[PDB]
Protein chains: 2
Amino acid sequence: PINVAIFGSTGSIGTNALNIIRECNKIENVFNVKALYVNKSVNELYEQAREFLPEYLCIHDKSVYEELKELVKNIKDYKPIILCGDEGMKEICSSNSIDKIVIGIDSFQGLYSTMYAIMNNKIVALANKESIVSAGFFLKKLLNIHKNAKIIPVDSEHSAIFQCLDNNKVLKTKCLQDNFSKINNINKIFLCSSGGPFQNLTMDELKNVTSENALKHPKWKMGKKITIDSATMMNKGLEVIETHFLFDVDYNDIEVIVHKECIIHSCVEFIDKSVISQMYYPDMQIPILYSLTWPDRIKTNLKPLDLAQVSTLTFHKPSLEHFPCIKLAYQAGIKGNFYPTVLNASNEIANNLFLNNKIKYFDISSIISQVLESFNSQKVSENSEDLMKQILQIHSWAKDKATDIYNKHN
Amino acid sequence: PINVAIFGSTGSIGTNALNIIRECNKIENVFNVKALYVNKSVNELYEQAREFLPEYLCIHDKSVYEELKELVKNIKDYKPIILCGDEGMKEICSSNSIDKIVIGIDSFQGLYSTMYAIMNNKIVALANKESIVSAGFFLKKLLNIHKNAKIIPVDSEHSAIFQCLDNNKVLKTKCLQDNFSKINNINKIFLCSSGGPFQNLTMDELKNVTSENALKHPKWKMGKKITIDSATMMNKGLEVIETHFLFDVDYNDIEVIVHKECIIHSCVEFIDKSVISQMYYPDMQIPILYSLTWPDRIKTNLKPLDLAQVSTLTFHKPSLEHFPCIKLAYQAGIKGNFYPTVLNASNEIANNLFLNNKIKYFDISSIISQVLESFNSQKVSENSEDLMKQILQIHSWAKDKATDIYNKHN
Ligand SMILES: NC(=O)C1=CN([C@@H]2O[C@H](COP(=O)(O)OP(=O)(O)OC[C@H]3O[C@@H](n4cnc5c(N)ncnc54)[C@H](OP(=O)(O)O)[C@@H]3O)[C@@H](O)[C@H]2O)C=CC1
Ligand SMILES: NC(=O)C1=CN([C@@H]2O[C@H](COP(=O)(O)OP(=O)(O)OC[C@H]3O[C@@H](n4cnc5c(N)ncnc54)[C@H](OP(=O)(O)O)[C@@H]3O)[C@@H](O)[C@H]2O)C=CC1
Ligand SMILES: O=CN(O)CCCP(=O)(O)O
Ligand SMILES: O=CN(O)CCCP(=O)(O)O
Ligand SMILES: [Ca+2]
Ligand SMILES: [Ca+2]
Ligand SMILES: [Mg+2]
Ligand SMILES: [Mg+2]
């Protein structure tokens, strides 16, 4: 039985993880949910605690710790270890009774739990792409220290790539490891995207888009941050850099394709030019389940893909004029150093400004571009404690710079 | 280096095999063409002999054997072993210098070289689907005796399936073995078909189609027999039975899907419901190459798949009323025993009759249907020699029965 912790259990990823775990457990007891960790959602965490009865409960926001302990007392035949903040998160990661950890915490904040899970040689089912984008080089370093840890990608495109690969070769390397793509005979990656809600808008129409309309994603139901990112295709931009770090694929070998039906989740071209792709309905349960079962697969009762009913699959190039965020991500990635950290941080600020109706669509990339331009390359610290400190400092600088740029205009 | 023999070297597969061997060798020298074997095409065998200079040459037709020896003398500094008929084939198969054999001989005839390559524990790169259809359970028995022999599928759809699997699971088993699909966690196969040239025709129009028009395949350039099979979709019916044998997939788990673009070559649904597909332009060089490099891949200079340019991929259910050969194949496969032998034999006759303008489109399925109904279940011989004799007897019986039915109607 696979012992799992779910970090960000009450969010979009975390709810889907519990969904597929529940359905798989119907027949055979395959997963034991040992731990659940949220920020503030006490009532929803208690409802999940009632169903899954995990050994550990943890809430990041200490102000709702008492509320949680109180609700939980109403559950019969149950004495969980109820924990708090970073200290709680670190205690969960250090537990011998947890094998795999799903990271469904959003934004840069997800990096902390990712780091600690790795330091405790856990299997990390990583949905949080921001951590790879802001700290890819650091994570590679960390994984070469903690040799029994692994990152297994949960992001659907990266799970798709992972699945298309031959496990006979995947097993001889590790995500983030040097030469991953060489060992796997990868020539290039087609990173598939729904294209978001604004794919058919003209330049003049785009100028005027609002966050209410950005939140109406045509294919995926997700948290607010990634949903806004999908509308600007900054999501895809972050995923380009994520592809580079996870799979050691050169930036010139990663191609973004708009596939509006979202059935094909990504494709791998091998050195012989044969292409392999993974397909399913747009549904995070598959990539989540795969991260927890890899290198095996288990039976589900999910709806089978009906190719005949789907009928048509379409593909086109994205316009970099209409979606300049993609261009900025490639540029930041190609530059290397801490440019991805600065990209991620400034986007977190610009994404949230747009969400809250403070700026326009094209201001998002304008703010990001300006922060990237302002940043000066830094010497990369050789030890991991120093490097994490350096990452946090640059991430914090970039966020303040973005806000400063916003403050100067509006 | 990889030591390869090409059986049926002057046909469509054989030429494509030499083509990709030649072009890959230009990048890096990995293939040594050790033997070529044809039926009657003395002059083109001679011409190939000059370019590749194989150690062995064989021609099945004894009446052009001396003519071949005459022609080959013209090649300076070249002393090959020149052979003929069944004897020469067996000598090539038994040679310790040959590792892999591409079987590109057409029809039931392909069985003889397939079975002897297996008997000699070779890697059999098998394109000839007729051998599997008529002798599937016998080849199964033979591969259980000769444990180092392997069939690696070359048929594009079956190569596609094979490319989608994880080789750490494949290497625990092999093609044409019981439990292959269970070991690989395969739930279901989507077998893709171009649909052939008659996909948009009414029942009334189909009654009057000719072989001249049937030979104008929209997507694949092939030999005459398979091309006619593609027009009636009997090719796909044979491929259903081929899938069942190679991968041990139940007939109720094989779906035929019409995919006119012929970019997706087939898809594998795993037990978690994830689907993996292999994709390329309709070009037999990829499946041929993979059969010779498995479990690795090598660099090629083939044109890369451009999904944006392709733009649209379509999928729909085939019409069974318009393509009754599909139904017949399913029925024969489900019956098991020697019904697939009978299906294959009667089709070889009916296919040839239609090719030479002797019968109409729906007479093909009528003849096969009538031969299948004529046949009665026969006890399966225990020893392999008697089972092989039995397959020959039945095959020969079914050809004669199909000819008799034609002769009474004419
Ligand atoms: N949703 C999706 O389909 C996909 C998501 N992703 C990635 O997965 C990650 C999560 O996304 P998504 O599920 O959409 O986001 P949500 O906003 O829906 O969920 C975020 C979760 O993280 C929790 N959380 C936030 N801060 C902390 C913290 N400090 N400590 C513990 N828990 C915390 C939240 O708890 P609380 O409820 O208490 O606020 C919530 O449970 C993102 O990084 C995203 O990029 C990637 C691909 C697809
Ligand atoms: N063509 C294709 O793209 C595909 C083909 N297939 C399968 O591959 C097989 C070959 O098809 P294809 O290449 O189109 O057929 P072709 O008719 O083009 O070629 C047949 C080849 O087999 C040779 N041959 C026939 N009998 C003998 C024999 N007694 N001994 C030695 N050689 C013999 C012929 O020799 P000769 O030239 O002297 O007559 C010829 O070279 C078929 O079984 C088909 O089902 C499967 C998938 C795709
Ligand atoms: O993996 C899932 N996502 O990242 C959401 C995909 C949305 P997009 O293709 O529109 O970015
Ligand atoms: O593998 C290649 N073929 O079998 C030829 C495919 C022809 P079809 O898709 O029309 O059956
Ligand atoms: Ca795989
Ligand atoms: Ca500067
Ligand atoms: Mg994604
Ligand atoms: Mg085929």
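Indexing begins at 1, ligand by ligand and atom by atom, following the structure's order. The chains referred to below are lettered A, B, ... by the order of the sequence lines, with proteins before strands, and numbering in each begins at 1. Atoms considered below: every heavy atom in the structure, side chains included; atoms not considered: hydrogens, waters and symmetry mates.
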Shortest reach to [atom] by a heavy atom, considering only [options]:
atom                    : options                      : result
atom 15 (O) of ligand 2 : B/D106, B/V133, B/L36, B/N43 : B/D106
atom 8 (O) of ligand 2  : B/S107, B/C58, B/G88, B/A127 : B/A127
atom 5 (C) of ligand 2  : B/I13, B/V38, B/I6           : B/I13
atom 19 (O) of ligand 2 : B/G85, B/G11, B/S41, B/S9    : B/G11

Which protein heavy atom lies closest to [atom], and at what distance to 0.1 Å?
atom                    : result
atom 35 (O) of ligand 2 : B/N39 N, 3.3 Å
atom 3 (N) of ligand 4  : B/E157 OE2, 3.7 Å
atom 7 (C) of ligand 4  : B/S230 OG, 3.4 Å

Problem set entry | Heavy atom of B/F7, distance to ligand 2 below 4.0 Å |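 Flag not set, B/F7 not near ligand 2.
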Exercise. Looking at ligand 2, does B/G104 have a heavy atom less than 4.0 Å from it?
Worked result: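 Checking ligand 2 against B/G104, which is what was asked, there is a heavy-atom contact under 4.0 Å.
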For this session: Please assess B/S95 against B/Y56 for the test side chain to side chain contact (heavy atoms under 4.5 Å, CB included), listing each intermediate value before the final yes or no.
Result: CA-CA 10 Å; B/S95 177; B/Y56 298 87; 3.2 Å; yes
For this session: Check whether any N, O or S atom of A/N376 sits under 3.0 Å from the Ca ion (ligand 6).
Result: yes
Ligand 2 N/O within reach of [X] N/O, cut-off under 3.5 Å:
X      : answer
B/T10  : yes
B/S156 : no
B/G223 : yes

Problem set entry | Backbone of A/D272 reached by a side-chain donor or acceptor of B/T300 within 3.5 Å |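 Yes: the side chain of B/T300 pairs with the backbone of A/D272.
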Exercise. Ligand 2 versus B/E130, non-hydrogen atoms closer than 4.0 Å: side chain, backbone, both, neither?
Worked result: side chain
Exercise. Ligand 2 versus B/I226, non-hydrogen atoms closer than 4.0 Å: side chain, backbone, both, neither?
Worked result: side chain
Exercise. When the ring centroid of B/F338 is compared with that of B/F137, is the distance short of 6.0 Å?
Worked result: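 Under 6.0 Å, so yes.
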Exercise. Of the backbone atoms (N, CA, C, O) and the side-chain heavy atoms from C-beta on, which set of B/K219 has a member under 4.0 Å from an atom of ligand 4: side chain, backbone, both, or neither?
Worked result: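 No part of B/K219 comes within reach of ligand 4.
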Problem set entry | Exceeds 12 heavy-atom contacts within 6.0 angstrom, atom NZ of B/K73 |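 Count over threshold, so yes.
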